[PDB]
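Here the structure comes first, spelled out in structure tokens, and everything after it is commentary.
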2 protein chains.
Amino acid sequence: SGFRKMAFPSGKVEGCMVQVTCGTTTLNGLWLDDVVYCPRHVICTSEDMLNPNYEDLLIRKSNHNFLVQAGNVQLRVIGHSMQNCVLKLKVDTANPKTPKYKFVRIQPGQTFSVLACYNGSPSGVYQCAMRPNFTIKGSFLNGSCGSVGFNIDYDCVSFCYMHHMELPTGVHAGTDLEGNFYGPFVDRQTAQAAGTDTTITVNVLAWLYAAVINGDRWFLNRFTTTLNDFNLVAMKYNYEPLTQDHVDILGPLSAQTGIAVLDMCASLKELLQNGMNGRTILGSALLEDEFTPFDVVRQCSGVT
Amino acid sequence: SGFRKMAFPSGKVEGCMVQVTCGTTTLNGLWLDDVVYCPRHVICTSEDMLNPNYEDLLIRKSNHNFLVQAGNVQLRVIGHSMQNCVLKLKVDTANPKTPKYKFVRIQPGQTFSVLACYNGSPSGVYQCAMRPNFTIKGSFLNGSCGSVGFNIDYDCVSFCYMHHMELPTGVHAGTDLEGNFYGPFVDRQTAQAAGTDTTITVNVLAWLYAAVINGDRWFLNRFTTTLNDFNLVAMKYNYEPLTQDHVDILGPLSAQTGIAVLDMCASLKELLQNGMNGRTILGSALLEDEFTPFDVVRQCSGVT
Ligand SMILES: NC(=O)c1ccc(NC(=O)[C@@H]2CCCO2)cc1
Ligand SMILES: NC(=O)c1ccc(NC(=O)[C@@H]2CCCO2)cc1
């Protein structure tokens, strides 16, 4: 028992992390097969970042200008291309530690593990969510760019995020491994304000299921609601509208606990309207929305 | 910027995890050099756990009764001994992936990463603290025993915890890698109630420093306090007494932020007495005590 914000084991991704240096900019690269993926802003000075023309900056760069180091060993760059906001650096050596992997573009509300890296060296691992405003709330200092977000299905790492920038509000924006930003963000140092950080309702409900499973049940009430009634309250509290898709996704947790999804909705409605009254749920004084139904099932059943 | 509950990268420890089976009991072992460490209760049936005589149960066990599997490969057990509450299984093969390592017995309030494992396969990594009552609040299902807690200093894994049992209250108890339980807990299925789960005051202050560093400053006030005055409030709120040792430990964060430790104490005193009033600090509605001053410095400076 017990319920923890749990990252995937990072070993498979540790084995992929390299240092990429272009001129005076050092950040992290992901080495899969004979390709190193990194943010294209590796080619920018701090000055460049104000109004970068990446195609033009990239013309002034050759294979030998990209310094790629895996541990203490230099990789030879035999090609480089720009795909959207990432650079793909072709190297002469396939990463021998390349895991089974996929590139996946995740939806808002989906969770993933970040391996925070500096100079291609892992510093730590934490779990986060693609926010509904397509930011993430990460922990990223200078040099952390090219750190990646991932999920693991048994032995297959699905890479879903590469870190690119911090908004002036200290939230984070990045790309999938095809170099496409999540949301409207650009790799330029400009006014980019995030939209409403709404709460991932389906994830809160999942976490309320996890709480019941793990003995935290004080918030279960005598009430039910409908999707429409619940959603009137959700809207009021900047919670994402709950869909029948979400209800269907919560079906297994509903089944396990014997609490109908709409009853858990009615409990969540009372928690929104009444607050927690100084009480906690799974050691949190606020409603946690960075567990997916899949995360709750995985953690509650012990998938490896 | 941003501040996350961050585990150490787990790769070095993933490479140490094995499955140990004795009869019908399967749990996890830690393979370092030619020794596999596992909870001695691997030799117990569920029946045995009510009143186990480990020396007597162990007599009925031979090397060939301990089934040790690293991935899909069986290890040959050439010796077995009991050290306190762990078994040391000597195997004929040194773990080729043995990292630099130490066994350390941590103090209450100290944080570490847990690699939750089932059948010797990692399921996830999370950060936790040795509580002042020598429990941990983990996430451990049946089969998770022998999962380990660790810190990393660059390339040296300090193993500080091996998971052994869940108290009837769903908190966790375990040993160091010498098999000595943290606190008064025993590997027997009995009435074992945890003491007062007091808040790790020095860790809260560290996390308040992290909050200021990362822009969350609404709780800074116009007041200061003394250690004695603060401690009267601490006692009232089941917070650990703050010592001059703790003040000295917070010195670097004090220096970085220019907020005197006793001023941060006075801010923490007001937060205890006045609550958060529906406000959050680093996305928490309660005072987080599972970051050490070292964790805050490490994460705020980007140590790898
Ligand atoms: N304003 C934009 O250019 C914009 C681009 C992409 C998205 N969608 C996403 O990032 C993820 C990807 C899967 C669907 O949701 C939203 C807005
Ligand atoms: N009642 C007991 O037998 C007991 C045993 C050990 C401890 N101390 C610890 O577990 C850690 C280890 C470093 C100091 O604090 C406390 C009580």
Side-chain angles (χ1 to χ4, degrees), chain A residues 84-86 102-112 128-136 149 151 158-165 167 171-188 190-198 200 202-203 240-241 243 245-246 292, chain B residues 84-86 102-112 128-136 149 151 158-165 167 171-188 190-198 200 202-203 240-241 243 245-246 292:
Chain A
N84 301 312
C85 299
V86 293
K102 293 187 171 163
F103 299 162
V104 301
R105 195 180 173 76
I106 64 167
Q107 298 299 325
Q110 288 304 300
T111 56
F112 58 89
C128 63
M130 184 52 59
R131 300 312 308 171
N133 66 2
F134 299 99
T135 63
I136 75 171
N151 289 279
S158 290
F159 291 99
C160 55
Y161 182 88
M162 180 171 273
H163 187 53
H164 286 248
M165 68 188 329
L167 301 194
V171 299
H172 300 114
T175 70
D176 63 19
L177 268 292
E178 298 172 9
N180 294 125
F181 264 88
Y182 288 98
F185 301 113
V186 298
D187 50 355
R188 184 180 163 188
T190 54
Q192 316 188 61
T196 304
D197 200 354
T198 57
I200 312 152
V202 63
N203 291 2
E240 288 289 297
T243 70
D245 276 13
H246 296 142
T292 70
Chain B
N84 301 312
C85 299
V86 293
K102 293 187 171 163
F103 299 162
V104 301
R105 195 180 173 76
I106 64 167
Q107 298 299 325
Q110 288 304 300
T111 56
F112 58 89
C128 63
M130 184 52 59
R131 300 312 308 171
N133 66 2
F134 299 99
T135 63
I136 75 171
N151 289 279
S158 290
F159 291 99
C160 55
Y161 182 88
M162 180 171 273
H163 187 53
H164 286 248
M165 68 188 329
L167 301 194
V171 299
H172 300 114
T175 70
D176 63 19
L177 268 292
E178 298 172 9
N180 294 125
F181 264 88
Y182 288 98
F185 301 113
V186 298
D187 50 355
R188 184 180 163 188
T190 54
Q192 316 188 61
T196 304
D197 200 354
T198 57
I200 312 152
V202 63
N203 291 2
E240 288 289 297
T243 70
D245 276 13
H246 296 142
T292 70

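As the structure lists them, so they are numbered: ligands from 1, and atoms in each ligand from 1. Chain identifiers are assigned alphabetically (A, B, ...) following the order of the sequence lines, protein sequences preceding nucleic acid strands; residue numbering begins at 1 within each chain. Every heavy atom of this structure was used, including side-chain atoms; hydrogens, water molecules and symmetry mates were not.
Closest protein heavy atom to atom 17 (C) of ligand 2: B/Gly183 CA, 3.8 Å. The protein heavy-atom contact nearest to atom 6 (C) of ligand 2 is B/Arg105 NH2, 3.8 Å. Closest to atom 14 (C) of ligand 1 among all protein heavy atoms lies A/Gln107 OE1, 3.2 Å. Here the heavy atom of the protein found nearest to atom 1 (N) of ligand 1 is A/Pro184 CB, 3.5 Å.
Contacts of B/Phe134 with ligand 2, taken as heavy-atom pairs under 4.0 Å, involve the side chain alone.
Rounding to the nearest 0.5 angstrom, the gap separating the CE atom in B/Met130 from the CG atom in B/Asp176 is 9.0 Å. One finds the CG atom of B/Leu167 at 6.0 Å from the CD atom of B/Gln192 (value rounded to the nearest 0.5 Å). Distance check, rounded to the nearest 0.5 Å: OG1 of A/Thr175 to CZ of A/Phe185 gives 13.5 Å.
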Pair B/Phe181-B/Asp187, side-chain contact (heavy atoms from CB on, under 4.5 Å): steps then yes or no
CA-CA 9 Å; B/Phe181 264 88; B/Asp187 50 355; 3.8 Å; yes
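Note on ring orientation: taking the six-membered ring where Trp is involved, the planes of A/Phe103 and A/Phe159 are perpendicular (angle over 60°, cut-offs 30° and 60°). Ring-plane geometry between B/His163 and B/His172 is classed as perpendicular, the angle between the planes exceeding 60 degrees on a 0 to 90 degree scale with a lower cut at 30.
Counting the atoms of ligand 2 from 1 in the order shown, those under 4.0 Å from a heavy atom of B/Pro108 are 15 (O).
Residue B/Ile106 places a heavy atom less than 4.0 Å from ligand 2.
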